[PDB]
Amino acid sequence: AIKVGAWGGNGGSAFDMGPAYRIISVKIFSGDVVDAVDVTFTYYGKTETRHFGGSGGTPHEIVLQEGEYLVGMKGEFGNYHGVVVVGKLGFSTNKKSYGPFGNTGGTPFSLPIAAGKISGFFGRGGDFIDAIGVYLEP
Amino acid sequence: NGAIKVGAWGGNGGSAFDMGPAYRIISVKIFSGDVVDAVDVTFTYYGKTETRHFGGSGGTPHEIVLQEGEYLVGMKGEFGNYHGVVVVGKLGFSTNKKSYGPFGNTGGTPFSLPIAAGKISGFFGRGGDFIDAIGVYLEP
Ligand SMILES: COC1O[C@H](CO)[C@@H](O)[C@H](O)[C@@H]1O
Ligand SMILES: CO[C@H]1O[C@H](CO)[C@@H](O)[C@H](O)[C@@H]1O
Ligand SMILES: CO[C@H]1O[C@H](CO)[C@@H](O)[C@H](O)[C@@H]1O
Ligand SMILES: CO[C@H]1O[C@H](CO)[C@@H](O)[C@H](O)[C@@H]1O
Ligand SMILES: CO[C@H]1O[C@H](CO)[C@@H](O)[C@H](O)[C@@H]1O
Ligand SMILES: [Zn+2]
Ligand SMILES: [Zn+2]
Ligand SMILES: [Zn+2]
Numbered sequence: 004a005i006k007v008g009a010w011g012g013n014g015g016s017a018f019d020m021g022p023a024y025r026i027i028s029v030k031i032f033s034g035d036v037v038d039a040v041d042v043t044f045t046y047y048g049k050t051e052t053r054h055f056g057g058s059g060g061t062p063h064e065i066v067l068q069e070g071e072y073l074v075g076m077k078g079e080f081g082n083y084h085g086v087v088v089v090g091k092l093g094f095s096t097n098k099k100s101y102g103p104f105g106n107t108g109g110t111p112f113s114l115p116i117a118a119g120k121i122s123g124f125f126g127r128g129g130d131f132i133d134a135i136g137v138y139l140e141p
Numbered sequence: 002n003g004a005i006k007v008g009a010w011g012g013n014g015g016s017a018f019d020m021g022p023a024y025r026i027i028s029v030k031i032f033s034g035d036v037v038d039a040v041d042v043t044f045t046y047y048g049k050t051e052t053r054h055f056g057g058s059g060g061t062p063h064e065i066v067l068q069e070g071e072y073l074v075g076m077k078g079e080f081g082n083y084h085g086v087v088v089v090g091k092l093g094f095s096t097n098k099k100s101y102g103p104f105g106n107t108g109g110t111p112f113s114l115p116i117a118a119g120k121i122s123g124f125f126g127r128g129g130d131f132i133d134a135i136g137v138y139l140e141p
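So the protein sequences, as listed, match chains A and B.
Using UniProt numbering, the first residue of the first sequence is number 4, and each one after it goes up by one.
Using UniProt numbering, the first residue of the second sequence is number 2, and each one after it goes up by one.
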């Protein structure tokens, strides 16, 4: 019901995991660009994992503890050899800050969440994370 | 009390402001010179039509009058240093009908809030002489 962003480019193909009950972990694969994200989450009594955007890079796992929620997403998007992709990507929880991951500067974006949380993702993916957006909940 | 509050984009200067969410944003008026000086918002609180005056006195007004079917589904801008203070130097909004702005002429670190689903229902931020910062309430 509340979907924000898609920051990135038009390349790759669409993904959309919808909202979750709880995000368990977010694993950003990155080298000089953001290659991919794995999200594992619970959904109506089940645990699920998705992986958006290609093989590539080194993994950086954010694991969410008991009362921990994603309250921020930040990054940069730009042209990496002909595709507009997320060159840098970071997250913050109520407890700590992570990243950003990736080494390619571009047009910055930032989503601080003064009230609410990130409950899921949508965007575009191919060889790399072309774009990323976020579902929000109270 | 989801209010879902997104942002504050800008500096830590000035005094905090927070209008809460509205039943309906009637119009948003952005005061603008080489920086964003202020925002006035006229909206319907609980039966009543109030307006709030955020930021400072300012430069030149630019009014976005929303029409019945028209909702705010986007906010973009840039924040930067302006004589020793980090303020919003550029600010723009898009609705489901039209796109307004950006207003102001001081470039800086860009931000953007495309709302693929939902809309802006209210405003908060920081204000002094200019718009130090601005954020937004979201609802479906
Ligand atoms: C920003 O991109 C990287 O930085 C992280 C964090 O150190 C590394 O783990 C990763 O391999 C990349 O070199
Ligand atoms: C290299 O080819 C691809 O990978 C990039 C980056 O994800 C995409 O934008 C593109 O559409 C293809 O999927
Ligand atoms: C250029 O080499 C790298 O950067 C890319 C893009 O992020 C990764 O796929 C790869 O594993 C290396 O880290
Ligand atoms: C010039 O003095 C002030 O105006 C700026 C910009 O609004 C503020 O941060 C600051 O705290 C004071 O209120
Ligand atoms: C420097 O002159 C101006 O720019 C400032 C900041 O926007 C405004 O306060 C003033 O009204 C003029 O428009
Ligand atoms: Zn994976
Ligand atoms: Zn790591
Ligand atoms: Zn006013």
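We treat Cβ as the ideally placed atom computed from N, Cα and C, and that holds for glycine.
Go ahead and pull the three-state DSSP assignment for residue i.
{"i": "B/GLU51", "result": "strand"}
{"i": "A/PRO111", "result": "strand"}
{"i": "B/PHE131", "result": "coil"}
{"i": "B/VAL86", "result": "coil"}
{"i": "A/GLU79", "result": "strand"}
{"i": "A/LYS98", "result": "coil"}
{"i": "A/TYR46", "result": "strand"}
{"i": "B/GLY56", "result": "strand"}
Report all residues from its chain with a CB closer than 6 Å to the CB of residue i; omit the five preceding and five following residues, and keep chain order.
{"i": "A/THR43", "result": "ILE27, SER28 and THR52"}
{"i": "B/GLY81", "result": "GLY90, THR107 and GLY109"}
{"i": "A/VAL37", "result": "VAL89, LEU92, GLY105 and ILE132"}
{"i": "A/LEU114", "result": "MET76"}
{"i": "A/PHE125", "result": "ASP19 and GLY136"}
{"i": "A/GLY21", "result": "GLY123"}
{"i": "A/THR45", "result": "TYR24 and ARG25"}
Checking the sheet assignment: what are the DSSP bridge partners for residue i?
{"i": "A/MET20", "result": "Looking at the DSSP assignment, A/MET20 forms no beta bridge with any residue, so it has no partner."}
{"i": "A/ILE31", "result": "A/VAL40 and A/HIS63"}
{"i": "A/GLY123", "result": "A/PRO22 and A/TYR138"}
{"i": "A/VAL7", "result": "A/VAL137 and B/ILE116"}
{"i": "A/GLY15", "result": "A/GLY15 pairs with nothing; no bridge assigned."}
{"i": "B/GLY70", "result": "Note: B/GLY70 sits in no beta bridge, so no partner."}
{"i": "B/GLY93", "result": "B/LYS77"}
Given that a residue counts as buried once 16 or more other Cβ atoms are within 10 Å of its Cβ, and exposed if not, what is residue i?
{"i": "B/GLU64", "result": "exposed"}
{"i": "A/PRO141", "result": "exposed"}
{"i": "B/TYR47", "result": "exposed"}
{"i": "A/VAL88", "result": "buried"}
{"i": "A/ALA134", "result": "buried"}
{"i": "B/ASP35", "result": "exposed"}
{"i": "A/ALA4", "result": "exposed"}
{"i": "B/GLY60", "result": "buried"}
{"i": "A/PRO62", "result": "exposed"}
{"i": "B/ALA17", "result": "exposed"}
{"i": "B/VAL66", "result": "exposed"}
{"i": "B/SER33", "result": "buried"}
{"i": "B/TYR24", "result": "exposed"}
{"i": "B/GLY85", "result": "exposed"}
Please work out which residues of its chain come closer than 8 Å, Cβ to Cβ, to residue i, disregarding the five sequence neighbours upstream and downstream, and give them in chain order.
{"i": "A/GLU71", "result": "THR96, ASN97 and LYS98"}
{"i": "A/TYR83", "result": "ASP35, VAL36, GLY90, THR107 and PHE131"}
Can you list, in chain order, the residues of its chain whose CB lies under 7 Å from that of residue i, leaving out five sequence neighbours each side?
{"i": "B/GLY78", "result": "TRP10, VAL89, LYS91, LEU92, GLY93, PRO103 and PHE112"}
{"i": "A/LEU73", "result": "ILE26, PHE94, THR96, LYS120 and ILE121"}
Mind reading off the beta-carbon distance from residue i to residue j? Whole number of angstroms is fine, and I expect it under 8 Å.
{"i": "B/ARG127", "j": "B/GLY57", "result": "Going by Cβ atoms, the distance from B/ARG127 to B/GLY57 rounds to 11 Å, so no, they are not a contact pair."}
{"i": "B/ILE116", "j": "A/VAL7", "result": "6 Å"}
{"i": "A/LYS30", "j": "A/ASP41", "result": "4 Å"}
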